[PDB]
Number of protein chains: 4
Amino acid sequence: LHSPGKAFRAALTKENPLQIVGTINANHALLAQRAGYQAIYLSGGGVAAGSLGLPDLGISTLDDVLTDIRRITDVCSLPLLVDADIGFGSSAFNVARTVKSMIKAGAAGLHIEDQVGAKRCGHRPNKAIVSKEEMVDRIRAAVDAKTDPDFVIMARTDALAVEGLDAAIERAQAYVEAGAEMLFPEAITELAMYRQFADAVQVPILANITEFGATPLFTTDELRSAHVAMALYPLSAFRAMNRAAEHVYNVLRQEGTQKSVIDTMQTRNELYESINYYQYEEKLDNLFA
Amino acid sequence: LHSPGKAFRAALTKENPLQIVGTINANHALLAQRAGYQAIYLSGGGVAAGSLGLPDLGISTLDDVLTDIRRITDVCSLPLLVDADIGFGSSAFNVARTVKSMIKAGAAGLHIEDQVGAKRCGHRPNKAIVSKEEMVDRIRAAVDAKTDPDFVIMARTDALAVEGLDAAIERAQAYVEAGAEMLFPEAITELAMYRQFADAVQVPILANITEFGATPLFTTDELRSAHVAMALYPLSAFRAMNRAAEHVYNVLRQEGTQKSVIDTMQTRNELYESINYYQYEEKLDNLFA
Amino acid sequence: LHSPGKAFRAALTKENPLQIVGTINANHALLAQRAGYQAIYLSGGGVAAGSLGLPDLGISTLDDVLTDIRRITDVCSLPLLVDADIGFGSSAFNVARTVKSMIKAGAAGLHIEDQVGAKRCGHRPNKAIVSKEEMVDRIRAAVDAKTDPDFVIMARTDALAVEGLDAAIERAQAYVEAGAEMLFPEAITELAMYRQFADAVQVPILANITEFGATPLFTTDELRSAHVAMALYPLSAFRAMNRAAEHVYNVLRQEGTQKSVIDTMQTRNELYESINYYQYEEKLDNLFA
Amino acid sequence: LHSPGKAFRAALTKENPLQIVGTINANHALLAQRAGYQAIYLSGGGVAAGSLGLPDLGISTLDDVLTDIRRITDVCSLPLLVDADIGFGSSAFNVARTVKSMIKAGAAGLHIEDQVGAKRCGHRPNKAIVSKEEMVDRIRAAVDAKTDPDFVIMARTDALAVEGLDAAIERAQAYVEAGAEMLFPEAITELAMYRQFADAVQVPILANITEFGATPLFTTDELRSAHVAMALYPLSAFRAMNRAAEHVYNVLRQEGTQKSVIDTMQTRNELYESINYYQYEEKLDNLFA
Ligand SMILES: [Mg+2]
Ligand SMILES: [Mg+2]
Ligand SMILES: [Mg+2]
Ligand SMILES: [Mg+2]
């Protein structure tokens with residue numbers, strides 16, 4: 001039997017600074033695979049904004065995410081790392097079901113963060129985080145729920161923005177000691193900080209190189225020098241895809257024809273090639289006739 | 001109670017040549033609405049190639065389509081026309097369940113075509129179509145299943161490529177006579193053909209202006225002169241979005257950073273604006289405090 | 001367009017003490033309809049223990065419940081009251097999505113309660129309830145989210161066991177004042193208490209006559225004398241069904257045949273009659289031939 | 001990694017006449033497990049009549065079945081054999097997706113039959129079957145799609161009723177030679193017939209001991225003597241559960257109280273025990289405190 005988790009860990013071994021790109025849907029997972037990537041990502045913010053057209057305010061449910069996990073892993077063999085936010089539910093039972101369901105859906109790993117989420121019905125969108133102790137319990141529940149020993153439980157901390165660097169590092173160490181297998185320090189502002197986390201936990205470090213945020217657009221070489229194990233680009237393709245779609249919609253609405261934007265489109269031939277369209281009639285010939 | 005079907009019919013009245021753009025996901029449905037469109041489309045080929053990463057060979061299930069219908073209509077109020085292929089089943093019972101399920105999922109209408117399908121396990125893809133009599137039953141079952149009288153049952157015919165113009169028109173009349181409320185003559189090659197269909201059925205006619213196909217890129221004005229009621233652009237934005245995504249994946253892989261393609265990305269402000277991000281905290285302020 | 005919520009409200013009018021029976025699945029919803037009932041219920045504890053085989057500890061997700069709502073209402077026309085627990089999320093945004101999703105799924109109404117929930121990962125099950133103020137917001141968000149004005153928002157309070165009668169009544173009035181359309185005072189022990197709630201809120205009151213609990217098995221006549229508007233039997237059939245199933249499994253295991261328990265089984269004719277089997281070929285004859 | 005298929009094959013080795021009982025939902029799977037069964041079953045007729053309240057006329061979709069597969073296998077470790085009817089779709093691609101999806105959903109095996117299904121929109125419910133050649137292709141597609149070598153592909157033939165015994169046996173041999181791993185001869189009328197199939201295919205034979213059909217209620221001893229490998233009781237518990245539920249609904253409607261039927265109900269304590277209610281707080285104590 002195949003273990004996507006094993007595949008993720010193997011990818012980390014063969015690619016210093018393992019590049020992991022977010023894939024908004026199954027089609028883009030195939031594009032990323034054809035582009036040469038060894039691992040892909042399912043952004044929680046992407047499931048919300050892309051699949052549901054909703055803001056990343058914790059409105060998405062576990063099932064909205066599972067559906068996307070199944071769609072991508074049903075057709076793409078690359079190991080998929082999944083954004084599990086805070087475990088979809090406050091109970092250890094909720095965290096456990098999330099872990100087991102994502103593994104069953106085909107995911108190679110997931111990251112769970114220390115954010116609080118909504119504490120009250122009228123609680124405004126926020127970046128507040130739970131105590132170190134609460135997150136350790138969250139992590140313990142997630143690790144204990146692993147049905148595939150090679151599935152990866154990555155812990156993410158958003159403590160930098162609300163507690164500063166030293167506190168974030170201290171939390172990170174407690175998270176790893178609790179069982180976290182990899183560390184994801186969110187919104188790091190300086191390259192040297194990644195190195196500090198690396199020397200502090202002794203486990204693979206992921207750097208979220210998303211755009212328009214607090215983190216600079218560090219190159220793979222810069223991240224390698226800082227001992228970063230993974231380079232994540234969570235919504236990069238999604239952002240470009242949206243601009244391109246918007247432009248088509250506008251031109252079509254403005255001019256009553258798409259003539260002016262044909263040159264910006266993936267061709268029919270390219271689409272077929274991307275979805276291994278020909279591997280289908282080939283299988284038919286191999287099985288019959 | 002709101003009826004998307006009623007809204008779709010209304011849209012036809014306030015827009016000669018009603019533009020209908022395919023929306024691959026909920027996010028794009030919101031982009032189309034922000035672009036001023038009054039009706040959107042869920043491409044069957046888009047669900048397959050985009051949501052599932054599979055070719056358009058009838059591998060998609062009713063449920064794959066239902067999921068996209070709900071995701072889109074749960075957040076976008078524009079009426080959604082859905083590609084229902086042949087009804088997802090060979091029995092009148094399947095056609096009925098498909099119709100009722102799509103209505104409940106939130107669709108404003110759907111089109112069912114006269115293609116035969118697979119039939120045999122090792123059957124090769126084709127353009128073969130069922131008998132006029134067979135399609136008539138297919139339509140009768142679909143119309144009978146409507147739980148919302150305003151939901152639209154559109155009949156699509158692929159008879160041109162396999163039976164010729166005169167044959168396709170004969171079928172059309174029979175289809176409409178059977179209850180088809182709108183007509184979708186596929187792969188028309190000449191503008192004058194549309195006019196012929198229009199004069200023959202007396203029901204709104206849809207023109208599928210998809211690229212890289214057999215149909216010229218007719219403008220809305222040209223279509224209006226041919227008495228076309230709807231201009232459909234099924235995968236236009238999808239094609240541009242894939243090309244843009246692919247570009248990001250390649251540049252990122254080749255240069256170790258996305259710096260070079262930032263200018264091709266939708267900004268954070270644009271993303272937030274497009275998903276009505278601000279309306280969320282505004283609702284919290286209106287409800288509480 | 002049909003409104004289940006409107007139908008539910010109508011049912012209350014044609015049945016003093018409106019009997020509402022829990023239906024574990026679609027098949028049982030049809031049995032209840034054939035038994036003459038005018039309203040049915042989807043127990044949250046039933047979804048957990050029956051559909052998921054899990055205890056009622058908040059492990060079930062909104063989607064587990066939505067699936068059962070669709071299955072039941074796609075085939076049974078009776079108005080379905082749904083147990084929505086605390087809204088499946090702590091934010092007003094979750095409450096809103098739950099409401100809108102359940103309406104679209106086909107429900108006629110739902111009840112949300114004032115229980116706190118887990119809050120912490122290692123938190124133990126309890127009967128703790130949020131503040132009166134907190135529940136009020138929960139209700140305001142739910143009512144504001146209604147897409148069908150006739151959909152029912154019922155408020156349930158578990159304040160008796162933890163705060164006493166006088167406290168529970170105070171909350172009730174505040175809840176109704178906040179928009180709660182009907183009231184569900186949980187685990188009432190005395191018939192006279194129901195009358196007190198009824199006289200205090202001026203909205204329909206529901207009595208949860210579930211077995212093996214703190215509430216006596218009050219008859220419909222007794223409840224009518226206490227001004228109870230609805231008599232709920234949440235898992236009654238489920239409990240009998242499990243005992244009967246267990247019997248078959250044991251006898252079959254012990255005797256190597258089911259011969260001995262055939263007389264405890266619904267016959268083939270009864271099954272067909274209950275799922276309107278015959279209506280199917282009758283539709284084929286009416287539509288075709 | 002665990003393989004339910006391996007578990008099914010192992011169960012066959014340790015239990016001559018392996019008893020396999022149908023479990024309508026997750027809860028009943030746990031009851032069957034506590035009753036001592038080593039393997040369980042997901043009836044397609046049960047998914048239709050029980051989960052959807054629909055007749056077994058091919059209206060159910062693959063996803064309706066997958067949902068039930070996930071629900072049962074998420075909580076019960078017993079290997080689950082699944083009714084896959086004819087593969088949900090006429091294409092080899094449809095059969096393949098069905099196989100891969102069911103394996104991913106957690107199933108241990110499935111049986112696919114040689115029925116035709118609906119060949120026309122107005123095709124009445126029928127028992128017609130495809131040619132031997134067509135079924136062989138169906139089987140080849142299913143076996144080739146196996147992602148877990150231990151997953152079981154069982155072929156079922158309904159040829160007895162429309163072609164007689166000799167033809168059914170001939171088909172069976174062709175089905176096994178095509179790759180079928182186990183054989184399911186539907187509606188066998190005589191014990192000696194099972195022995196004939198057994199000697200003819202050299203692979204495990206399953207006897208569908210459902211009630212109210214053409215097959216006598218053969219005991220495990222009788223089946224053992226006929227060399228039957230598995231004894232299936234597809235809807236036995238379901239039938240009893242329905243009668244029990246119906247009775248509760250009737251008494252409640254007739255008498256306005258469930259007092260008279262309390263003795264027919266599984267108690268609250270028994271319900272908790274069945275769903276290992278206590279294993280939950282035990283896990284909390286083991287993980288925390
Ligand atoms: Mg997030
Ligand atoms: Mg199509
Ligand atoms: Mg509850
Ligand atoms: Mg069947």
Side-chain angles (χ1 to χ4, degrees), chain C residues 248 251-263 265 267-269 271, chain D residues 12 15-22 39 41 43-46 56 81 83 85-86 111-116 125-132 135 139 152 154-178 180-236 238-239:
Chain C
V248 171
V251 170
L252 192 43
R253 191 57 166 171
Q254 312 165 336
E255 326 204 317
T257 175
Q258 70 268 230
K259 302 178 182 178
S260 297
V261 290
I262 290 295
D263 67 341
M265 304 177 178
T267 64
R268 188 172 170 173
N269 279 177
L271 181 170
Chain D
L12 271 183
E15 191 171 308
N16 212 355
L18 167 67
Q19 287 190 304
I20 305 177
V21 293
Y41 180 74
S43 166
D56 184 29
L81 174 65
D83 179 356
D85 278 299
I86 60 177
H111 60 71
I112 182 165
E113 62 198 58
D114 49 18
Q115 274 199 43
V116 183
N126 69 83
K127 304 178 179 180
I129 66 176
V130 303
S131 64
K132 178 194 301 175
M135 181 57 169
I139 293 170
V152 176
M154 174 188 283
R156 158 178 160 171
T157 183
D158 298 27
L160 178 55
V162 295
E163 294 184 354
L165 183 59
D166 287 358
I169 295 177
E170 186 188 68
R171 280 171 174 274
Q173 300 181 98
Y175 297 175
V176 176
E177 218 299 69
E181 301 179 282
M182 304 190 184
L183 188 74
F184 178 167
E186 238 305 86
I188 293 302
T189 57
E190 297 177 299
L191 193 57
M193 296 179 169
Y194 283 122
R195 178 55 179 282
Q196 283 181 284
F197 276 97
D199 297 325
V201 288
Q202 186 198 62
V203 299
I205 299 301
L206 180 158
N208 179 29
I209 310 302
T210 186
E211 46 290 295
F212 311 137
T215 305
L217 295 177
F218 295 123
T219 65
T220 46
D221 289 327
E222 298 179 306
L223 295 167
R224 182 180 303 103
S225 72
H227 291 189
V228 170
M230 301 158 272
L232 182 69
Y233 315 95
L235 298 169
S236 313
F238 178 59
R239 300 194 193 290

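Letters go in sequence order (proteins before strands), and every chain restarts at 1.
A salt bridge between C:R253 and D:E15 is present, with a side-chain N of the basic residue lying under 4.0 Å from a carboxylate O of the acidic one.
In this structure the side chain of D:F197 reaches within 4.5 angstrom of the side chain of D:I169, judged on heavy atoms. In this structure the side chain of D:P185 never reaches within 4.5 angstrom of the side chain of D:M193, judged on heavy atoms. Using a 4.5 Å heavy-atom threshold, the side chains of D:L232 and D:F184 count as touching. Residues D:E163 and D:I129 have side chains in contact (heavy-atom distance under 4.5 Å, counting atoms from C-beta outward). Side-chain atoms of D:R239 and C:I262, non-hydrogen and from C-beta on, never get closer than 4.5 Å to each other. Within the 4.5 Å cutoff, the side chain of D:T220 has heavy atoms near those of the D:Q19 side chain.
Atom CD1 of D:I139 is separated from atom CD of D:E181 by 11.0 Å, given to the nearest 0.5 angstrom. Within the model, atoms CG of D:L160 and CG of D:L165 stand 6.5 Å from one another, a figure rounded to the nearest 0.5 Å. The distance from atom CG of D:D199 to atom OH of D:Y194, rounded to the nearest 0.5 Å, is 15.0 Å. Annotation: the span from D:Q115 atom CD to D:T157 atom OG1 amounts to 9.5 Å, rounded to 0.5 Å. Between the CD1 atom in D:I112 and the CD1 atom in D:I86 there is a gap of 8.0 Å [rounded to 0.5 Å]. Atoms CE and CZ, on D:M135 and D:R156 in that order, are 9.5 Å from each other to the nearest 0.5 Å.
Around the CZ atom of C:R268, the shell of radius 6.0 Å holds no more than 12 heavy atoms that belong to other residues, nucleotides or ligands. Within 6.0 Å of CD in D:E177 there are 12 or fewer heavy atoms belonging to other residues, nucleotides or ligands.
In summary, the side chains of D:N208 and D:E186 do present a donor paired with an acceptor at a separation below 3.5 Å, with no hydrogens or angles considered. Side-chain contact annotation: D:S43 with D:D83, donor-acceptor N/O pair under 3.5 Å absent.
Of all non-hydrogen atoms in D:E211 and D:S236, the two that sit nearest each other are OE1-OG, 3.2 Å. For D:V162 against D:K127, the heavy-atom pair with the smallest separation is CG1-O, 4.1 Å. Among all heavy-atom pairs drawn from D:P234 and D:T210, the shortest one is CG-CB, 3.6 Å. Residues D:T215 and D:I188 come closest through the heavy atom pair OG1-O, 2.6 Å. Nearest heavy atom pair, residue D:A174 against residue D:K132, reads CB-CD, 3.5 Å. For the pair D:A229 and D:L12, the tightest heavy-atom approach, listed with the atom from each and the gap, is O-CD2, 3.6 Å.
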Original post:
Can D:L235 and C:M265 be said to form a side chain to side chain contact (heavy atoms under 4.5 Å, CB included), step by step?
Top reply: CA-CA 10 Å; D:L235 298 169; C:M265 304 177 178; over 6 Å; no

Original post:
For D:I209 and C:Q258, what are the C-alpha separation, side-chain angles and deciding distance, and is it a side chain to side chain contact (heavy atoms under 4.5 Å, CB included)?
Top reply: CA-CA 9 Å; D:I209 310 302; C:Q258 70 268 230; 3.9 Å; yes

**OP:** Start with the C-alpha distance between D:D114 and D:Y175, add both sets of side-chain angles, then the distance that settles side chain to side chain contact (heavy atoms under 4.5 Å, CB included), and finish with yes or no.
**Re:** CA-CA 10 Å; D:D114 49 18; D:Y175 297 175; 2.6 Å; yes

**OP:** Could you give me the CA-CA distance, side-chain angles and deciding distance for D:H227 and D:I205, then say whether side chain to side chain contact (heavy atoms under 4.5 Å, CB included) is met?
**Re:** CA-CA 8 Å; D:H227 291 189; D:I205 299 301; over 6 Å; no

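Relative orientation of the D:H111 and D:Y41 rings is parallel, given thresholds of 30° and 60° on the angle between their planes.
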